[PDB]
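**Student:** First the structure, which I've put down as structure tokens, then a few questions once you've had a look.
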Amino acid sequence: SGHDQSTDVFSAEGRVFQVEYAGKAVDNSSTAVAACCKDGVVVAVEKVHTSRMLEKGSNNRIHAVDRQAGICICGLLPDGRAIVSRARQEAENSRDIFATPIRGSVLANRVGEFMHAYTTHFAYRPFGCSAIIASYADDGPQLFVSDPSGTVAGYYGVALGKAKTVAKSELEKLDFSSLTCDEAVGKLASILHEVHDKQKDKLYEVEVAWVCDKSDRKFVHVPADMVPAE
Amino acid sequence: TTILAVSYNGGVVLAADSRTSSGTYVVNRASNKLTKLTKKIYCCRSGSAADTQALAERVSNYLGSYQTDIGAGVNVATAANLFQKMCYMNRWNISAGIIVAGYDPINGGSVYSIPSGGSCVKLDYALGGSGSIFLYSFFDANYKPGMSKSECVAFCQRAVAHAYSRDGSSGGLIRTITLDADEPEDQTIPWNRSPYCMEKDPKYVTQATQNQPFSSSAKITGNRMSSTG
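As you go down the protein sequences, you meet chains H and L in turn. Heads up, UniProt numbering is the position in the first sequence plus 5, with the first residue counted as 1. Heads up, UniProt numbering is the position in the second sequence plus 54, with the first residue counted as 1.
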């Protein structure tokens, strides 16, 4: 009926169905994984290409928000770009008004508040993407996930996308206390390669980024010759 | 301009900087602001150079004739009175701060201050010029009356150095003259041998941390002095 056409309407059981539909759109997107390794955060996403003529690096889903913070997008890429722009605005406001890098928890809370505001008004629709915030700020390594509903949660390891449950199960086999980013990059790449179906997504690429002590606490992409071939 | 005069037991020591500045440019960096009035009486001049030079020349001419007329020496009080009268009759047309310091056999060493207003005050020590404002708390803390001749000269040089270290209108050479019952003795110490300057002060060696490198932390770690770093 008309109980699921706009976000400003609660259902008879207290649900917002448009947000659930946006989350369903997120659940049909490419798989992403992330791990907090007690010395940094490593995020790895799979990019599915519908053409073999795409230039390398096309449709980047991992974007640096600050020097030490970055966001991976799982879902509608343009919505993720808007969220990344908002996060970059939040990060530079802290560096300009308060003369300090934005803490990972603070940035995650700002992203969640921004995403939640689009689930309360009839004139807007919720974002169709989940945001993975990887930061190495003065509060240590931080890994957060922001839901299209606007709720944020901190994780040691997290998986999102179509092949989410199997990737989460593979992540359950790690220790996350002795785990280091150097081996975590390979672990996440191997998990993404193993969990991906090779007969439906012919063109696939693994895009991995990280921010730990080895990059001077700067959120950058991996060196090209570090991820496994497959 | 920094001028001062300090009395010790024997006589007086007059100290001054050497800098005539047209606002922000140094017209002269080897000025001589200790102007001879008689053999044992001198004046420190601050303010308008032409006005102070004319005042000193007129007073010296008046005093030289007075010695011949009376056939004896001149007290410091007479020169102080001459400057006080001449500066009070012209207080609206001239910009001059005068220190009259000297030795006479009757009253020993004397120091008189004649500010821009035209008054005359007999003091143990006197300060004048734009750089004098920096020295008052220096004298309240570090100056002890009753020093020896060499101690007084050293203290006057140190005070002048401290004064022009902070005053942009003062600087250059430090000129001192000692006037007492013996032969008056002058001294000119250069800036590179000055008793104090902030350039050689070890507590101003470390630069203020203003140019922060772009960092992922709020920890302050010094200035960025390299493109790579």
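Ideal Cβ positions, reconstructed from N, Cα and C, are used throughout, including at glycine.
Between which residues of its own chain and L:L117 is the CB-CB distance below 8 Å, once the five residues before and five after are set aside?
**Tutor:** On the second sequence, residue 117 of chain L is found 63 positions in, with the first residue counted as 1. Same-chain partners within the cutoff: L91, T92, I95, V128, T132, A133 and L136.
**Student:** Throw me the rounded Cβ distance for the L:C210 and L:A69 pair, which I believe falls under 8 Å.
**Tutor:** Mapped onto the second sequence, residue 210 of chain L falls at position 156. Mapped onto the second sequence, residue 69 of chain L falls at position 15. About 4 Å; that satisfies the 8 Å criterion.
**Student:** Of all Cβ atoms in chain H, is any one closer than 8 Å to the Cβ of L:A272?
**Tutor:** Walking along the second sequence from the start, residue 272 of chain L turns up at place 218. It does: the Cβ of L:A272 has a partner Cβ on chain H nearer than 8 Å.
**Student:** Under 8 Å, Cβ to Cβ, is there at least one residue of chain L near H:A96?
**Tutor:** Within the first sequence, the letter at position 91 stands for residue 96 of chain H. Not one chain L Cβ lies under 8 Å of H:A96.
**Student:** Would you mind listing the beta strand (DSSP E) stretches within the region 179 to 263 of chain L that are 3+ residues and don't spill past its ends, in chain order?
**Tutor:** Counting only runs of 3 or more, we get 179 to 182, 228 to 233 and 239 to 243.
**Student:** Just how far apart, CA to CA, sit L:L109 and L:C141?
**Tutor:** As a first step, residue 109 of chain L is located in the second sequence; it is residue number 55 there, counting from the start. As a first step, residue 141 of chain L is located in the second sequence; it is residue number 87 there, counting from the start. Distance between the alpha carbons of L:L109 and L:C141 is about 8 Å.
**Student:** For the structure I just gave you, are there three or more beta carbon pairs, one from the region 234 to 242 of chain L and one from the region 214 to 223 of chain L, closer than 8 Å?
**Tutor:** No, because fewer than three Cβ pairs between the region 234 to 242 of chain L and the region 214 to 223 of chain L fall closer than 8 Å, the two stretches do not touch.
**Student:** By the criterion of Cβ-Cβ separation under 7 Å, what are the contact partners of L:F193 in chain H?
**Tutor:** The residue labelled residue 193 of chain L in the question sits at position 139 within the second sequence. The contacting residues do not exist; L:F193 stays about 42 Å from chain H at best.
**Student:** Could you tell me the alpha carbon to alpha carbon distance between H:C79 and H:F103, rounded to whole angstroms?
**Tutor:** Taking the first sequence and counting its residues from 1, the one referred to as residue 79 of chain H is at position 74. Taking the first sequence and counting its residues from 1, the one referred to as residue 103 of chain H is at position 98. Rounded to whole angstroms, H:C79 to H:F103 spans 31 Å at the Cα level.
**Student:** Taking contact to mean at least 3 C-beta pairs separated by less than 8 Å, is the region 67 to 87 of chain H in contact with the region 59 to 68 of chain L?
**Tutor:** Result no; under three Cβ-Cβ pairs closer than 8 Å.
**Student:** Give me, in chain order, the residues of the same chain whose beta-carbon lies closer than 8 Å to that of L:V113; leave out the 5 immediate sequence neighbours on both sides.
**Tutor:** Here residue 113 of chain L is taken as the residue at index 59 of the second sequence, counted from 1. The answer, listed in chain order, is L91, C97, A133, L136, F137 and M140.
**Student:** Taking the beta strand (DSSP E) that H:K192 falls in, what are its first and last residues?
**Tutor:** In the first sequence, the residue the question calls residue 192 of chain H occupies position 187. No beta strand (DSSP E) contains H:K192, which is instead part of the alpha helix (DSSP H) from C186 to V200.
**Student:** Check whether the Cβ atoms of L:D234 and L:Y157 sit closer than 8 Å, and answer yes or no.
**Tutor:** Within the second sequence, numbered from 1, the residue matching residue 234 of chain L stands at position 180. Within the second sequence, numbered from 1, the residue matching residue 157 of chain L stands at position 103. Result yes, Cβ atoms of L:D234 and L:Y157 sit closer than 8 Å.
**Student:** Where do the ends of the beta strand (DSSP E) carrying L:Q266 lie?
**Tutor:** By 1-based counting over the second sequence, the position of residue 266 of chain L is 212. Counting along the chain, L:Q266 falls outside any beta strand (DSSP E), and DSSP gives it neither H nor E.
**Student:** How big is the Cα-Cα spacing for residue 306 of chain L and L:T74?
**Tutor:** In the structure displayed, chain L extends from 55 to 283; residue 306 of chain L sits before or after that span and is not available.
**Student:** Rounded to whole angstroms, how far is the Cβ of H:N33 from the Cβ of H:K167, which I believe are closer than 8 Å?
**Tutor:** Walking along the first sequence from the start, residue 33 of chain H turns up at place 28. Walking along the first sequence from the start, residue 167 of chain H turns up at place 162. Correct: roughly 6 Å between the Cβ atoms.
**Student:** Which of the three DSSP states, helix, strand or coil, is assigned to L:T275?
**Tutor:** Residue numbering aside, residue 275 of chain L sits at position 221 when the second sequence is read from its first letter. Coil at L:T275, not helix or strand.
**Student:** Do H:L81 and H:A122 have their beta-carbon atoms positioned less than 8 Å apart in this structure?
**Tutor:** The sequence position of residue 122 of chain H within the first sequence is 117, counting from 1. The sequence position of residue 81 of chain H within the first sequence is 76, counting from 1. Result no, Cβ atoms of H:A122 and H:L81 do not sit closer than 8 Å.
**Student:** Rounded to whole angstroms, how far is the Cβ of L:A150 from the Cβ of L:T106, which I believe are closer than 8 Å?
**Tutor:** As a first step, residue 150 of chain L must be located in the second sequence, where it is residue number 96. As a first step, residue 106 of chain L must be located in the second sequence, where it is residue number 52. 5 Å between Cβ atoms; contact.
**Student:** Would H:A172 be called buried (16 or more neighbouring beta carbons within 10 Å of its own) or exposed?
**Tutor:** Working through the first sequence from its first residue, we reach residue 172 of chain H at position 167. It is buried - the Cβ of H:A172 has at least 16 other Cβ atoms within 10 Å.
**Student:** Starting from the C-beta of L:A180, find all residues in its chain whose C-beta is less than 6 Å away, skip the five residues before and the five after it, and write them out in chain order.
**Tutor:** As a working note, residue 180 of chain L is residue 126 in the second sequence. Cβ within range, chain order: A59, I153, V165 and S167.
**Student:** Anything in the region 99 to 112 of chain H with a Cβ closer than 7 Å to a Cβ of chain L? List those residues in chain order, please.
**Tutor:** Listed by position along the chain: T105 and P106.
**Student:** For H:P146, which of helix, strand or coil comes out of DSSP?
**Tutor:** Within the first sequence, the letter at position 141 stands for residue 146 of chain H. Strand at H:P146.
**Student:** Strictly by DSSP, which residues pair up with L:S114?
**Tutor:** Residue 114 of chain L sits at position 60 when you count from the first residue of the second sequence. None, per the DSSP bridge assignment.
**Student:** So which of H:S183, H:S99, H:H226 and H:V116 has the shortest CA-CA distance to H:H68?
**Tutor:** Here residue 68 of chain H is taken as the residue at index 63 of the first sequence, counted from 1. Ranking the options by Cα distance to H:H68, first place goes to H:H226.
**Student:** Name the residues in the region 135 to 148 of chain H whose C-beta lies less than 8 Å from a C-beta of chain L; which are they?
**Tutor:** Answer set for the region 135 to 148 of chain H: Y141, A142 and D143.
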